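> pasting the sequence and an experimental structure:
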Amino acid sequence: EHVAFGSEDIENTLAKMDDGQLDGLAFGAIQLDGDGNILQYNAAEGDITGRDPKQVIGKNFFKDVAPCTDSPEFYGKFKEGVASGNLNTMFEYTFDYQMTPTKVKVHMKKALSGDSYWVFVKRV
Ligand SMILES: *C(=O)/C=C/c1ccc(O)cc1
């Protein structure tokens, strides 16, 4: 898929893309509901983190999968965005739960329709 990390209209491009198409992206992509449950999780993300995508779909990202993100610096930003109904933030972070610590750039953006939220990830 021909989409760049951080693209201004990424929510339109990805809107309603199915799991197979998401697996074509150059960067990790996770779709979360407003509670942080995982709705979609692509192959590039699994390559970065070791998680098996179909296994983490339905789990809570903050509670279960990624406790290192349960902090004001990641989850706090996410929940503020869910509560506001608007989110577009980009920041670096280190992923380190049961994995070699890995520095990444994270872009969280509210999905176009409904109430879903993207978490995009690339190595830095
Ligand atoms: C910290 O616990 C981060 C873990 C993590 C981040 C992103 C993922 O897709 C999976 C686990």
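Perfect, thanks for sending it. Numbering: from 1, shown residues only.

> quick check: the gap between the residue of the chain most remote from its centre and the ligand.
Distance from the centre of the chain peaks at residue 100, with 19.0 Å (C-alpha atoms, centre = their mean). Using C-beta to the nearest ligand atom, to the nearest Å, we find residue 100 at a distance of 12 Å from the ligand. The C-beta positions use only the backbone N, C-alpha and C, and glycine is treated the same way.

> for residue 40, same thing?
From residue 40 to the ligand the distance is 11 Å (C-beta to the nearest ligand atom).

> surely that residue and residue 58 touch.
No. If you go by C-beta atoms under 8 Å, residue 40 and residue 58 don't touch, sitting 10.9 Å apart.

> who has more neighbours, the two?
residue 40 (19 against 11; other C-beta atoms under 10 Å).

> so how far is residue 76 from that one?
Distance of residue 40 to residue 76, given as C-beta to C-beta, to the nearest Å: 23 Å.

> ok, now residue 100?
Taken as C-beta to C-beta, the span from residue 100 to residue 76 is 25 Å.

> ok, now residue 92?
Taking C-beta to C-beta, one finds residue 92 at 16 Å from residue 76.

> pick out whichever of the two has more residues nearby.
Neighbours per residue (other C-beta under 10 Å) separate residue 92 from residue 76, with residue 76 holding more: 12 against 9.

> mind checking the SS state of that one?
helix (DSSP: H, G, I helix; E, B strand; the rest coil).

> how close does it sit to residue 82?
Counting by C-beta to C-beta, the gap from residue 76 to residue 82 is 11 Å.

> any idea where the strands of the protein begin and end?
28-33, 38-41, 88-95, 102-110, 116-123 (DSSP state E).

> okay, the angle between the last one and strand 102-110?
Put plainly, it is strand 116-123. Here strand 116-123 runs at 150 degrees with respect to strand 102-110, directions being taken by axes from the mean of the first three to the mean of the last three C-alpha atoms, to 10 degrees.

> export strand 116-123 to CSV, keeping only CA atoms.
Extracted C-alpha coordinates of strand 116-123, given in CSV (Å, rounded to 0.1, in the frame of the first residue of the first chain):
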residue,chain,number,x,y,z
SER,A,116,-12.2,4.4,16.5
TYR,A,117,-8.6,5.4,16.9
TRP,A,118,-5.5,4.6,15.0
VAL,A,119,-2.1,4.0,16.5
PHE,A,120,0.7,4.0,13.8
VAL,A,121,4.2,3.0,14.6
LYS,A,122,7.6,3.0,12.8
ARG,A,123,11.1,2.4,13.9
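
> nice, that's everything, thank you.
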